[PDB]
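Below is one structure; the comments refer to it alone.
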Amino acid sequence: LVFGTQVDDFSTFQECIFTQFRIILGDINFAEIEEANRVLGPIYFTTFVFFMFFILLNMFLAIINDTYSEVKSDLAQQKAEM
Amino acid sequence: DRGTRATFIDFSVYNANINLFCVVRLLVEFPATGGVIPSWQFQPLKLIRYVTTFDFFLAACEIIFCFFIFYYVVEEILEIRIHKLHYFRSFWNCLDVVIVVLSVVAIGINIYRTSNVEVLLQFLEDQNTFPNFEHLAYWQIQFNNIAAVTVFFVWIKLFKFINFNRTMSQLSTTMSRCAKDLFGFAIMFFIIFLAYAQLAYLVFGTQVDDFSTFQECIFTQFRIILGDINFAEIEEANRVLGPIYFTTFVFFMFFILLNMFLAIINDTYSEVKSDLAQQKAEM
Amino acid sequence: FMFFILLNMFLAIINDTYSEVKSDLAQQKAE
Amino acid sequence: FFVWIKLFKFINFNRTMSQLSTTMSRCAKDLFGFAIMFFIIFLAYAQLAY
Amino acid sequence: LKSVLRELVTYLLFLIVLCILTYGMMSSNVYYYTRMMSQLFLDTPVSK
Amino acid sequence: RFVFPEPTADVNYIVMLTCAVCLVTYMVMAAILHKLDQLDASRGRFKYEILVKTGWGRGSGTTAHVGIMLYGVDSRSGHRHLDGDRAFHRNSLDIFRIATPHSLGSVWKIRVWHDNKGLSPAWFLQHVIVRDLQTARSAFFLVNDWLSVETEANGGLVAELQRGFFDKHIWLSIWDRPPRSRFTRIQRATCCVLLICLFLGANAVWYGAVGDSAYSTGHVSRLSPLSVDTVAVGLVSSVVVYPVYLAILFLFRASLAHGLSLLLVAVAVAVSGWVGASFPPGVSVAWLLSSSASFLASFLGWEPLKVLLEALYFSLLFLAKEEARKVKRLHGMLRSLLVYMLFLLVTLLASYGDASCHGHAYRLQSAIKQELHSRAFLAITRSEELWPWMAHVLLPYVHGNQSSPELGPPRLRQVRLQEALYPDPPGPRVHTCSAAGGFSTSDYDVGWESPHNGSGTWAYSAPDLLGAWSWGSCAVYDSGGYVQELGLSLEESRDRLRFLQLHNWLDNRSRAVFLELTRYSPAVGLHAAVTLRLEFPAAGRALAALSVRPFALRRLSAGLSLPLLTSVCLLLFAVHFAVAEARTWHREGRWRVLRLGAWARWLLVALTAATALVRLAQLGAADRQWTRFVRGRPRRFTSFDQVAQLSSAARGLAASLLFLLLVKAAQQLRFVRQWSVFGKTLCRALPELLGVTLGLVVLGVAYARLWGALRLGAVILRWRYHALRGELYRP
């Protein structure tokens, strides 16, 4: 909705999705994002980067870590106990 | 002359194929210290909406949206008038009032910029005169911003209903339990981030063109986390305190703070999962 | 898939073995 | 180079470096086993892209 | 663990002695000769 | 006489920073004071621990409560209520032991009184028998008499003043609250912040709005306290606040005043900002001095005056030890927060006073680089391409036509090294600077070396003591070399050039050309030192560099500018810190190693001293250079190239000090109960993280990011966090 007319990376919805995926890889320009909308443009970038990386990557890692620990503990307990 | 500070050029176009006006503005700024700074804007606004049936459909949808907003505000005020005179310790009611306020502002702006279209009528009388279509573009930009933020917040409101199965309850429980500690550590994270930003602004803020403003410093430091930095202008700006700042920032920020966030989330997730498992196995 | 799943499996294995080593060395005290 | 590596290993008389050395030695088999799955998925994606 | 500690100390001393011998095998008075042989010998203008 | 002036659009950062600091200190002080007063309701030495059984009291067998006010120097005691398990059973000698926190000198300091709860004793009790337990501060002896019945016996072997001396002083009455006073802290901190904000507003409205009293005061008088505008206005404006101040104070003794005070603070801050956003740089220093003088005068003189006037008008065990020591820690924190806030305000004023000048300097340097075609100059390799560039873009720029304020003709000082440079032999295009030799310190004649009778037109021009060092990519240069002036106007400069490439001035021996000039921008009032360097590693290779440093030429002779005040304040702070740390060193002794401690206090002291010293050196150098430039002026080219470097160094040092202060505040945030697990976790695992990363970097060095995708510190941090959470949350 914000950058849909004057960026060409957010021209279409799927293009927005792929641009966000590339942003996760740190392949952003940010030269056109800021100049397209001086306000509400940088806010998007900062909030997205912070929330996405910190909270969501840490939660994805934590789920797998806890599951692996539980599985190893269970498989260790089921052995040498019969 | 040497005393000129700014220059504006303005015009507009129609493109009768798809009914969509476009206002073009070009600005050239001459600062007191010399040089030239160009800027531009091209706003594709529309003023002759009701020409086709799809526009009638959109108008009907807007009317339905207004009725929905009226119903939501009536039910919210009915709830607040008698039930739960405090009402604010849920985090799902501040979102409701934010959505209602933003939608009311959007409706007001839309009415204001739809009733005030006499400039087009004035222009259509004498077509050999400059059409003044700047206020319409400004209000269109404002309305677009308001609509964008409202649409963003509605999808966040959607979270209230994804709690159907047990495997989705523990994730929401973990998030709600860890939000307080996440905010507590985010305070310190932001304090250190702003200290680094102000140091960079004061040191490299006159030569690098990437730290020329505090906002630019903040954006550059967020981009450094992405690995979207060149490592050049910092070092050719200052061979000492140039790489020192970069190395210390990367080390401290990445390692300490990212791992601390991970630890905070992981510990509470494991605690919640173990508590739920024990409760289920003991009942 | 690659980034999330596998880059998290790597660190899950490393963290599990590191915590196991730490706990094993911690339980050695006070016998 | 080998003597320097061996001295660095012998410089692990402190608890922290000994813990680090033990950590990476008790999980070598699992760490190598996971690489097999990683490479299988990587080669599948490489074949699809090719 | 007194015997183990003594053995470790002896091994560390032996390793230090071996490292010192290896460093001495890389003694000086050869860098200048190598530089002269690589920059002057077999590498010089035919004439002026 | 109100004007509603300044329709101008500008921002004054000094007033905003001062108000923000004065509000933040109150915001952080309120929490500490509230925490301290939560335990004040819980509570509500000078003698020995012996029984106080009556030995001279008989006939009146009943229960009665008495209180002994152990008056002392800077140690108030009060009275303690007497109770007992048997409710002070009648026909018995009441024995107890009550001592107040007061620990006055071991002299006759006591004032006892007995309440007449019904029956009263004709005689008097001897005393509370006590000789010495720890201090023996209050004497205990019989009196065999007393005052009139149903009254207070004269305690002997001024009172009105001492009872309300330091607790009616408001300012220093925060940590002197009477145990049963109902003027608890919240009402003693709101009055102080209100008074400070009203002082700021009343002193700002005088300089900004009401400054046209028949055009009474000039607005030009010196900033120094010369019995003038700076000091008299503080005294005059210290009395205007007192009506409303005393109104709010006597309203405090319902809860309405707690909102009126905040409203007054808010409106005062808003008015201060609005009327000060147009302050010239020479008044914001006067405003600060006036406010400080008003505060000092008000406090020191007229708080004792108020208490004296009021007094004259009036005249005509584990729990105790563990909850009585926390008060001392709270008082220490209270008295350290003010010092930290003063230091932070001083640093903020030192570093962030001219941010608009910062932006203007960036824009000006960008414009200067753009106007000189820096891209063309940088991409130079031929030693002869310099002349077309100078003839095309330099000479029309320095002279121009009603453009480019120059402030001193340019110079072309060059170094010779008096040795023919060997051309680089073909090969892999080595990136070194070989073929180096000794320099030249001789005098030649027209053309080249030919001393006929005396020194020729090409002299050495020996460098000065303070001339800055270029620090190029091949060596380090100084302010010495063969200088050549580029004329005065665009008629002789062309001939000078034609001479310079007519008689091979730049032969195949030279090293650099060092083209240098200055620039001035009066719209923003900023100077700019511009230098251009052409290194000559070999014959006809060259390396192009340019440096445009903008700065503000402020001199030590200008008076009492803000940098001087900030520098002297920083010097005072550094001296205080050094004295305190030296006293700590002397009392403790030695062996203060393997800790942050002195190894951090000394670093802080060194940084604080260095910032002020560098700023003072910059001011002195600017003054000397400007005084040298003024004397004479035409075709001498006094160089301002070392003032800019000193200014940059001072700015960097101030930024580093501010960053250190902010980090210290961030780590001092840990005082919240539920937020204390963050600092503790980091302070325990940080040495381990440093050790492991140091052991890892040497692993990659012996071979010949690191954890940007490995995240090893997450394991240690999680283990420490879980351990501390278990050790804290449960027990």
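Residue numbers (full-length UniProt numbering), protein chains in the order written: chain A, 617 to 698; chain B, 416 to 698; chain C, 667 to 697; chain D, 567 to 616; chain E, 217 to 264; chain F, 3063 to 3106, 3117 to 3229, 3250 to 3345, 3555 to 3617, 3654 to 4041, 4094 to 4120.
Beta carbons: idealized from backbone N, C-alpha and C, even for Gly.
Check                                                                                                                                     : Outcome
Interface partners of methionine 583 (chain D) on chain F, CB under 7 Å                                                                   : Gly4032
Own chain partners of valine 3566 (chain F) with C-beta closer than 7 Å, once the 5 adjacent residues on each side are dropped            : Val3285, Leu3286, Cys3289
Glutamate 697 (chain C) in three-state terms, based on DSSP                                                                               : coil
Check whether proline 459 (chain B) and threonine 621 (chain A) have beta carbons under 9 Å apart                                         : yes
Same chain only: Cβ atoms within 6 Å of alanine 3946 (chain F), ignoring 5 sequence neighbours per side                                   : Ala3911
Contact between the stretch 3835 to 3849 of chain F and the stretch 3870 to 3877 of chain F (3+ Cβ pairs under 8 Å)                       : yes
Own chain, CB closer than 8 Å to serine 587 (chain D), minus 5 neighbours either side, in chain order                                     : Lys575, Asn578
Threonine 3868 (chain F), enclosing beta strand (DSSP E) - first and last residue                                                         : 3863 to 3872
Residue-chain proximity (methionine 675 (chain A), chain B), Cβ-Cβ < 9 Å                                                                  : yes
Cut-off 8 Å between Cβ atoms - residues of its own chain near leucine 517 (chain B), not counting five sequence neighbours on either side : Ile561, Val564, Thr565, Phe568
Residue burial classification, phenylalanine 3064 (chain F) (beta-carbon count within 10 angstroms, cutoff 16)                            : exposed
Check whether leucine 3827 (chain F) and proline 3725 (chain F) have beta carbons under 9 Å apart                                         : no
Of the listed residues F:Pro3763, F:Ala3958, F:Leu3931, nearest to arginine 3878 (chain F) (C-alpha basis)                                : F:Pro3763
DSSP beta-bridge partners of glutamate 444 (chain B)                                                                                      : B:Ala421, B:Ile452
Interface flag, residue 700 (chain B) vs chain A, CB-CB below 9 Å                                                                         : Coverage of chain B is limited to positions 416 through 698, which leaves residue 700 (chain B) absent and any answer about it impossible.
From F:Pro3788, F:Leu3802, F:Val3124, residue whose alpha carbon lies closest to that of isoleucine 3140 (chain F)                        : F:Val3124
Interface partners of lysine 572 (chain D) on chain E, CB under 8 Å                                                                       : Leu231
Best match in F:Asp3832, F:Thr3778, F:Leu3709, F:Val4035 for proximity to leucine 3823 (chain F) [C-alpha to C-alpha]                     : F:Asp3832
Sufficient close CB pairs (3 or more, under 8 Å) joining the stretch 3137 to 3152 of chain F to the stretch 3162 to 3177 of chain F       : yes
Per DSSP, the bridge partner or partners of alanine 3882 (chain F)                                                                        : F:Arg3870
Whole-angstrom distance between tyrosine 611 (chain D) and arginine 638 (chain A), CA atom to CA atom                                     : 18 Å
Nearest-angstrom Cα separation, counted from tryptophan 3963 (chain F) out to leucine 442 (chain B)                                       : 40 Å
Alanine 3569 (chain F) beta carbon less than 9 Å from that of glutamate 3068 (chain F)                                                    : no
Per-residue contacts from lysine 688 (chain C) into chain F (C-beta, under 7 Å)                                                           : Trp4108
Interfacial residues, the stretch 578 to 607 of chain D to chain F, with Cβ spacing under 9 Å                                             : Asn578, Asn580, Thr582, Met583, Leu586, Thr589
Amino acids of chain E, ordered along the chain, whose beta-carbon sits closer than 9 Å to that of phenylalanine 576 (chain D)            : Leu224, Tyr227, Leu228, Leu231
Close beta carbons around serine 584 (chain B), own chain, < 8 Å, minus the five adjacent residues each side                              : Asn578
Given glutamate 631 (chain B) as reference, the closest of A:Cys632, A:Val655, A:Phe619 once Cα atoms are compared                        : A:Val655
Any C-beta of chain C under 9 Å from that of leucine 3940 (chain F)                                                                       : no
9 Å Cβ cutoff, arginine 3105 (chain F) in contact with chain B                                                                            : no
Alpha-carbon to alpha-carbon, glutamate 4116 (chain F) and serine 3673 (chain F)                                                          : 30 Å
Contact under 9 Å by Cβ, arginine 3209 (chain F) with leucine 3142 (chain F)                                                              : yes
Beta carbon of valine 3861 (chain F) nearer than 9 Å to that of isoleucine 3705 (chain F)                                                 : no
Closer than 9 Å to chain C by CB, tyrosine 616 (chain D)                                                                                  : no
Any chain F beta carbon closer than 9 Å to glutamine 613 (chain B)                                                                        : yes
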